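Have a look at the structure below before the remarks.
Ideal geometry is used to build each Cβ from the backbone, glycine not excepted, and the neighbour counts take in all protein chains shown. Only the coordinates and a few stated rules stand behind these numbers; no lab work does.
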Amino acid sequence: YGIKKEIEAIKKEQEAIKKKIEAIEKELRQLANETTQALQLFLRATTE
Amino acid sequence: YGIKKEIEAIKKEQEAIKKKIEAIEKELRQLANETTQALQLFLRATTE
Amino acid sequence: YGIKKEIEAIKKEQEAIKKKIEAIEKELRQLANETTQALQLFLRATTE
C-alpha cells in the first residue's frame, strides 16, 4: 500500500508539472507574438 | 530496498525539475518586463 | 512486474519532461537574443 501511495503521489506531481510546462509554453508563445508585434511597430515607425 | 532507492531517485529528479521550472518562470518574467520596457522606449521615441 | 512497469513509465515521462524543458530553454534563449537585437535596432534608429 505504501509503495502504491508513493507512486500515486509521483504521478500526481508529474501531471501537475506537465501542466506547468503547458502554461509556460502558452506564455512563451504570447511573448513571442508580442515582441514580433512590438518590432513590427518599430519597422512601421522608421518609414514615417 | 531497490524499489525504495528507485522511488527516492525519481523524487530527487522531480524536485530538480520543479526548480528548473522555477528558474524558467523567473527568466520568463524578466524577459516580459524587459520587452515591455523596450516597447515603452519606442512609445517614448515616437513622440519626440 | 507491475511496479517495475509503473516505475519504468514514470522514468520515461521524466526524460520526456526534461527534453521539453530543454526545448523551452532553447526557445527562451532565442527570444532573449531576438528581443536584444530588436532593441538594438531601435537604439540605432534614435541616432539617425
Are any residues in the range C:18-39 surrounded by 13 or more Cβ atoms within 10 Å (Cβ to Cβ), within 13 Å of the chain's Cα centre (by Cα) and farther than 16 Å from A:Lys26 by Cα, and if so, which ones?
-> C:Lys18, C:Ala32
Does A:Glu48 fit the bill of being of a type outside the set (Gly, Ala, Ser) and under 23 Å from the mean Cα position of the chain (by Cα)?
-> no
